[PDB]
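To start, the structure under review is shown below, and the notes come after it.
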Amino acid sequence: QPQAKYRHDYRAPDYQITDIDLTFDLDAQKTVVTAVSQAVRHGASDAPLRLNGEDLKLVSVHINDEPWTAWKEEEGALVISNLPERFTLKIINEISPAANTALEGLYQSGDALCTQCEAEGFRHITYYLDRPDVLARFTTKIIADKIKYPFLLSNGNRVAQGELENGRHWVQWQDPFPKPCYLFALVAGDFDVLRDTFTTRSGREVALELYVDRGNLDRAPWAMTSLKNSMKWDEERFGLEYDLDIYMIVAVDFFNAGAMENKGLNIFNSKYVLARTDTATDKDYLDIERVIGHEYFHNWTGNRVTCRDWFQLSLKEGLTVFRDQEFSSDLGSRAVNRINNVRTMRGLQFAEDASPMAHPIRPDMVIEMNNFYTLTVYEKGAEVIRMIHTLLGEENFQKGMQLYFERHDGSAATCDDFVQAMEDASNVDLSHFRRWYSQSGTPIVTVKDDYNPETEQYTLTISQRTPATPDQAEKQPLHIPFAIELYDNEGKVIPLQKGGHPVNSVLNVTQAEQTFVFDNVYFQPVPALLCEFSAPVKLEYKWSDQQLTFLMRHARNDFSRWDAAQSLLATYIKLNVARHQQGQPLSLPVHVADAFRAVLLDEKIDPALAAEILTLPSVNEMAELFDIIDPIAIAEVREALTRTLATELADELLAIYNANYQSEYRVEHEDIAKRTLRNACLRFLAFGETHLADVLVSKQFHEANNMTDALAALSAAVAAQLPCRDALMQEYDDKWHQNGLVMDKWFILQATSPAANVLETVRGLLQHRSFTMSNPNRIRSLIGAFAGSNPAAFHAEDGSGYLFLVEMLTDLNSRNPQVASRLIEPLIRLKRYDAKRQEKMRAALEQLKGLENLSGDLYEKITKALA
Ligand SMILES: N[C@@H](CCC(=O)O)C(=O)O
Ligand code: NA
Ligand code: NA
Ligand code: NA
Ligand code: NA
Ligand code: NA
Ligand code: NA
Ligand code: NA
Ligand code: NA
Ligand code: NA
Ligand code: NA
Ligand SMILES: [Zn+2]
């Protein structure tokens with residue numbers, strides 16, 4: 001069952017493989033793989049070649065065409081001894097795509113065959129040096145039944161093709177860029193193809209090809225459009241062009257993650273490709289955009305420069321997430337992007353950094369590498385890259401990117417290499433900054449202020465510390481870029497300065513405790529603190545309600561207005577959760593409701609921003625405010641708050657809802673912002689007088705000319721338990737049952753229902769005609785949404801949620817351990833809950849620990865959780 005691997009153990013490989021020639025005789029039941037690799041020894045003469053392989057049937061081994069006798073198979077490996085220094089290795093083996101339920105390696109997605117090799121899936125295809133610092137030039141020949149698999153795709157360009165007897169054919173591909181094997185891809189199947197072209201700024205014409213299941217071609221143009229937008233943006237912002245002749249994307253229905261950046265042949269979860277205005281929401285459109293961009297941006301940050309080892313995952317993922325965010329932000333509402341990314345950081349990643357699974361963005365220890373494709377590596381990773389950007393500014397940051405590619409193009413690099421490039425290009429010292437790579441947990445930054453009217457000085461006294469996490473007992477101060485702005489009482493910025501000279505508004509918070517003194521502060525300021533969430537930290541500062549509403553009215557950056565609103569609410573969320581636990585109803589000062597009233601009626605606020613201020617923090621974001629989480633109190637308080645605001649703001653809500661009506665549906669940023677505001681008003685309106693609400697919601701649902709508006713109405717019906725809910729839910733089922741992606745939204749609504757009988761409805765749905773345990777998207781929509789997005793039901797006092805999740809994980813552990821491990825995450829958070837909950841959650845985890853054939857993926861999490 002073991003065994004953890006450790007970053008500090010990295011060693012350069014004893015052998016390299018420079019070129020690999022693959023042939024697949026493809027069949028669902030039995031695929032024959034022939035792999036001819038050119039190998040070179042780099043380590044000691046007597047070192048055996050250790051190849052990784054899993055679930056392979058070895059047929060033969062030859063070395064320079066000599067059948068080899070000096071080898072043995074061991075657990076996960078083929079160990080070949082007594083080799084020359086350079087030689088040709090030839091392996092023949094068999095695998096069975098149809099048996100592959102874990103969806104790693106070569107597997108079946110409906111009638112298609114496709115691959116997923118990151119992290120360590122290639123070893124499920126043949127015996128190989130399945131480690132990302134081994135880089136080979138691939139040539140791939142695919143042979144298959146012509147009728148079942150008319151399209152035979154791999155990385156690169158087509159260099160040969162032929163027909164064979166018995167209705168077979170083949171295509172051979174060649175990719176000139178050396179690659180680690182996690183970037184190998186193969187697809188075989190029968191597809192509709194949308195083809196288009198992008199012309200790079202230096203005049204290279206790239207053929208673009210999007211492969212979708214037959215009948216899905218009508219849902220492809222947005223994705224193709226987003227790809228072109230991605231290519232253009234990476235040229236304009238980063239100076240990067242695509243480096244091949246063709247760019248293929250294949251949308252498949254059975255896929256564990258969102259998508260995969262395989263060189264020239266990305267494979268996508270169809271969730272992040274398929275859109276039409278009646279099937280997909282504005283959010284889907286902007287997610288498709290994000291993820292198409294992300295995989296495209298990987299071509300440089302990931303493919304042209306790869307990872308020395310898997311502990312360096314954030315080198316590509318943090319950076320590529322930063323890039324997808326800058327892309328979304330440049331194209332759309334930068335404020336909305338930042339706000340949402342901050343909501344994700346505070347509401348979801350902070351929770352992980354306080355969990356038993358906590359790790360630094362560059363982990364030190366890993367048992368199952370698929371457990372480290374995390375909010376931390378990705379989202380916190382990007383926040384770290386963004387801190388570098390904050391510290392260097394754009395021009396220097398882009399010089400660091402240039403030095404990074406100039407030094408590392410065509411190699412496997414480390415996080416440390418990236419930091420060094422940024423430091424050397426910029427001349428900004430990032431020694432201390434590197435500690436963000438090696439330390440887990442969320443720093444807490446404590447600020448106290450003092451204004452001195454005699455000296456006309458404002459002084460901030462800033463402290464930091466990070467609590468211990470289960471993985472690390474010593475913690476040390478980080479280099480926290482801590483952006484401020486100071487406002488006079490009319491809302492003007494006060495120049496920051498000291499002893500005659502300008503001071504940078506990004507303060508360098510590097511120690512446990514420091515003081516910063518600003519001079520020439522003629523009037524007592526109101527500060528904005530941690531502007532743009534300039535570091536991924538908790539901020540402890542004793543805001544007055546009035547300072548916060550002042551900021552809501554006057555802060556220069558849209559984000560600071562939002563964030564001031566969140567700090568205003570936070571006090572009253574905490575108040576009312578304590579009240580709720582004593583049986584006391586919601587209490588909200590009049591002046592708080594008035595601050596949201598003012599936002600509804602301020603004509604000068606960008607509606608994109610108004611919408612976000614009028615979107616209350618989620619139950620996950622609310623949970624981050626507390627030492628011990630009470631999910632039932634949080635959920636009832638969020639409901640009560642919503643009903644309070646609905647009552648107090650009813651007329652203003654209706655007015656803004658009506659004013660933002662749009663007869664034309666467009667996927668355009670201004671339109672989206674208006675719709676988002678409209679629908680934010682709708683959420684409150686749904687909790688007004690019952691009949692009025694029922695009529696308004698039902699009308700939106702029935703008269704919508706797009707899925708954004710239909711879903712928002714259905715969601716509101718569900719959330720407020722309106723009388724129309726059952727009829728609208730049944731209508732959506734009747735209309736959409738045949739469409740998995742669209743039914744996923746309905747599964748989410750079912751799983752997150754506040755109805756008393758939600759669990760029972762969810763169990764029933766395991767037999768629904770649109771549900772299947774074979775499909776990860778369906779799993780995550782129904783089961784995962786219950787456990788992870790309905791904490792109130794998941795954490796029902798009778799413990800029924802935990803038992804339900806145990807039953808589901810008991811199946812998934814064997815079927816698909818990666819989706820199992822995603823779904824176990826809520827149970828591993830047990831120590832945030834009260835003792836009675838902890839006790840039932842430990843018991844659920846102890847049941848799981850006892851499973852016959854416990855996957856490594858779950859073993860890792862369960863062990864940390866029970867510690
Ligand atoms: N492969 C990623 C998603 C997309 C990406 O990181 O490139 C994951 O498995 O979570
Ligand atoms: Na071959
Ligand atoms: Na073996
Ligand atoms: Na990836
Ligand atoms: Na990559
Ligand atoms: Na923008
Ligand atoms: Na595994
Ligand atoms: Na994976
Ligand atoms: Na809000
Ligand atoms: Na949380
Ligand atoms: Na906008
Ligand atoms: Zn990625």
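Quick note: the coordinates plus some simple rules give every number you see, no bench work behind them. FYI the Cβ positions are ideal-geometry reconstructions off the backbone, even for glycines, and counts take in every protein chain you see.
Please give the peptides 777-788, 516-527 ranked by average Cβ packing (other Cβ atoms within 10 Å per residue), highest first, as a rough proxy for protection. Please list the in-between numbers first.
On the way: 777-788: 23.9, 516-527: 17.1.
Ranking, from highest mean packing down: 777-788, 516-527.
Helix 282-297 versus the longest principal axis of the chain: what is the Cα-based angle in degrees, 0 to 90, to the nearest 10?
Here the helix axis deviates by roughly 50 degrees.
May I ask for the distance between the Cα centers of region 368-421 and region 526-570, given as a whole number of Å?
Centre-to-centre distance over Cα atoms comes out at 29 Å.
Tally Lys and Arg at +1 and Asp and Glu at -1 over the other residues with C-beta under 15 Å from the C-beta of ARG407: what net charge comes out? Provide the component values of the computation, followed by the final result.
Values: positive: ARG304, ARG308, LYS399; negative: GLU406, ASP409, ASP416, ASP417, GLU423, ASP424.
Residues close to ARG407 contribute a combined charge of -3.
Find how many whole Å separate the alpha carbon centroid of region 300-323 from the alpha carbon centroid of region 726-741.
40
With respect to the cross-link table entries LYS179/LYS271; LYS316/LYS831; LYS232/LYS271; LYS232/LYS399, which display a Cα-Cα separation exceeding 29 Å?
Details: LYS179/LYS271 27 Å; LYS316/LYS831 32 Å; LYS232/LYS271 23 Å; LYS232/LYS399 20 Å.
Violating the 29 Å limit, Cα to Cα: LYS316/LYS831.
When we measure straight from the Cα of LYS30, which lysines land under 23 angstrom away, once same-chain ones fewer than 8 places off are left out?
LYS57, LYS90, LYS141, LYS146, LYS148
Looking at region 12-191, send over the antiparallel percent of its DSSP beta bridges, to the nearest 5.
90
Check each of the GluC sites (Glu not before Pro) in region 49-133 and keep only those in coil by DSSP with at most 11 other C-beta atoms within 10 angstrom; list them in order.
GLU75, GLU85
Would you tally the net charge around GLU621, using a Cβ to Cβ cut-off of less than 13 Å, leaving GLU621 out, and scoring K and R as +1, D and E as -1? Could you put the intermediate results ahead of the total?
Numbers: positive: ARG343, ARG346, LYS538, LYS574, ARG638; negative: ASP563, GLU612, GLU624.
Once all neighbours under 13 Å are counted, the net charge is +2.
Rounded, prolate or oblate: which fits region 517-653 when a ≥ b ≥ c are the square roots of the eigenvalues of the alpha-carbon gyration tensor, with rounded for a/c under 1.5 and prolate only if a/b beats b/c? It would help to have the intermediate numbers written out before the result.
Details: a/c = 1.89, a/b = 1.33, b/c = 1.42.
Oblate shape, in that a/c is at least 1.5 and b/c is the bigger or equal ratio.
Decide, for region 1-68, between rounded, prolate and oblate: order the square roots of the alpha carbon gyration tensor eigenvalues as a ≥ b ≥ c, take rounded if a/c falls under 1.5, and otherwise choose prolate if a/b is larger than b/c, else oblate. Can you show the working numbers first?
On the way: a/c = 2.24, a/b = 1.33, b/c = 1.68.
It comes out oblate by the Cα gyration axes.
So what's the chain giving for Rg/Rh, alpha carbon basis, Kirkwood Rh from the mean inverse pair distance?
Numbers: Rg = 27.9 Å, Rh = 28.9 Å.
That ratio equals 0.97.
What angle, in degrees between 0 and 90 and rounded to the nearest 10, separates the Cα long axis of helix 558-581 from the longest principal axis of the Cα atoms of the chain?
That helix lies at roughly 80 degrees to the long axis.
In region 656-707, what GluC sites (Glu not before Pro) fall in a loop by DSSP, with at most 14 other Cβ atoms inside 10 Å?
On the way: sites: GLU664, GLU668, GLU670, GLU689, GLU703; in loops: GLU664, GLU668, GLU689.
Listed in order of number, the matching sites are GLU664, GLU668, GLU689.
Take the Cα radius of gyration of region 192-276 and divide it by 2.2 N^0.38 Å, with N its residue count; two decimals is plenty. Present the calculation step by step, with values, prior to reporting the outcome.
Numbers: Rg = 12.8 Å, N = 85, 2.2 N^0.38 = 11.9 Å.
Normalised Cα radius of gyration, region 192-276: 1.07.
Provide the FRET efficiency to the nearest 0.05 for the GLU456-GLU490 pair, computing r from the beta carbons and using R0 = 22 Å.
Values: r = 18 Å, r/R0 = 0.80.
In this case the efficiency is close to 0.80.
To the nearest 10 degrees, how steeply does helix 650-659 sit against the main Cα axis of the chain, on a 0 to 90 scale?
In the chain, helix 650-659 runs at an angle near 50 degrees to the longest axis.
Would you kindly derive the ³J(HN,Hα) couplings of region 608-624 from the backbone phi angles with the Karplus curve 6.51 cos²θ - 1.76 cosθ + 1.60 (θ = phi - 60°), listing them in order in whole Hz, with x for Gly and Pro?
Per-residue couplings from phi come out as 4, 6, 3, 4, 5, 5, 8, 10, 5, x, 5, 4, 6, 5, 5, 3, 4 Hz.
Provide the net charge surrounding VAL212, with neighbours chosen by a C-beta distance below 15 Å and charges set as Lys +1, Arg +1, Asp -1, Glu -1.
Numbers: positive: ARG195, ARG214, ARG219, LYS271, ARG276; negative: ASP111, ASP190, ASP192, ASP196, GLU209, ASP213, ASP218, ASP253.
Neighbourhood net charge equals -3.
Find, among the trypsin sites (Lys or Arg not before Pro) in region 739-773, those assigned to loop by DSSP (not H, G, I, E, B) with at most 14 other beta-carbon atoms within 10 angstrom. Spell out each step's value before the answer.
Numbers: sites: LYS745, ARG763, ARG769; in loops: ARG769.
When the trypsin sites (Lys or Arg not before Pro) of region 739-773 are filtered for loop state and at most 14 Cβ neighbours within 10 Å, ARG769 remain.
For every helix of n ≥ 4 consecutive DSSP H residues, a contribution of -39,500 (n - 2.57) applies; sum these over the chain, divide by its total residues, and give [θ] at 222 nm rounded to the nearest 500 deg cm²/dmol.
On the way: 28 runs with 342 residues, N = 867.
After summing the helix terms and dividing by residue count, I get -12500 deg cm²/dmol.
Classify region 664-735 as rounded, prolate or oblate from the Cα gyration tensor: take a ≥ b ≥ c as the square roots of its eigenvalues, call it rounded if a/c is under 1.5, otherwise prolate when a/b beats b/c and oblate if not. Could the numbers behind the result be given before it?
Values: a/c = 2.46, a/b = 1.37, b/c = 1.80.
Judged from the Cα gyration tensor, region 664-735 comes out oblate (a/c at least 1.5, b/c at or above a/b).
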